[PDB]
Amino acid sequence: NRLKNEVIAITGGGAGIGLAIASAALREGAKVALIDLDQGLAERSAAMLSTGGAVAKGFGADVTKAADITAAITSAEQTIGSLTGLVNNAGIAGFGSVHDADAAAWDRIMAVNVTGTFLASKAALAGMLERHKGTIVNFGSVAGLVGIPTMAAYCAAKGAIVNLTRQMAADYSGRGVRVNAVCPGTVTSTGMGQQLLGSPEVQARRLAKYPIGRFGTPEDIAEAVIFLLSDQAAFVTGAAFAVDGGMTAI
């Protein structure tokens, strides 16, 4: 019951890491809102999770669209109660170095990751600040802390999220709202993870970047997020928490 009486909205919550966060949050007694670009997916996943009295509801919204994400958060609050937590998990990845990157793809990557974190937080902060109570978890990556070959836009976007997290902590920590970023290492099993992988030598070069000797699971990342959401993390704010199997330590 680490999240007893918490109400948590999770963007990109219909699949992958976001869904695992939802599962773990329900385990700890939270009520959860899954907000996804894919409304049907959010609804199906919410139903799948709604067992043993667990309360999970699905909502459709593109985080880059101010009116849509605002309406989704308002509806979540109307449906399951005033938010105590927001997880800005929605993100997309793509490839392209600065010299040849698709400019339109660049903008979309920056939009979903950075603008989405901005707009979703903006919607949630009205109530959280009014209540002097909230916790926001943003999604960095190892790709926001170091450079990754061939991922210019994504490294820019995640770098933005890491420092935006510090900025938001600066504004809001004293007003009762903690803001932190989890920075995951590679997680193989998700759609994005599969996109990333998509030769014994190449993948092995990648695996060699991880002292722990394996890549992450959605469940590994979810546990870190649940800690940050919980009131046991009451003094934790502005942190960029590396959950990365040692990648950024070497």
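Start at 1 with the first residue shown and count on from there.
- Missing coordinates between residue 198 and residue 199 amount to 1 to 3 residues of the deposited sequence.
- The mean C-alpha temperature factor is higher for 189-197 when 189-197 and 31-39 are set side by side.
- Of the two segments examined, 153-161 and 77-85, it is 77-85 that shows the higher average Cα temperature factor in the deposited entry.
- The PDB entry assigns the greatest CA B-factor among 182, 26, 63, 47 to 47.
- Which of 136, 103, 112, 146 has the largest Cα B-factor in the deposited entry comes down to 103.
- Ranked against the other modelled residues of its chain, the C-alpha B-factor of residue 214 as given in the entry falls in the lowest third.
- Sorting the modelled residues of the chain by their CA temperature factor places residue 125 in the middle third.
- When the CA B factors of the chain's modelled residues are split into thirds, the value for residue 170 lands in the lowest one.
- Sort the chain's modelled residues by C-alpha temperature factor and residue 119 lands in the lowest third, per the entry.
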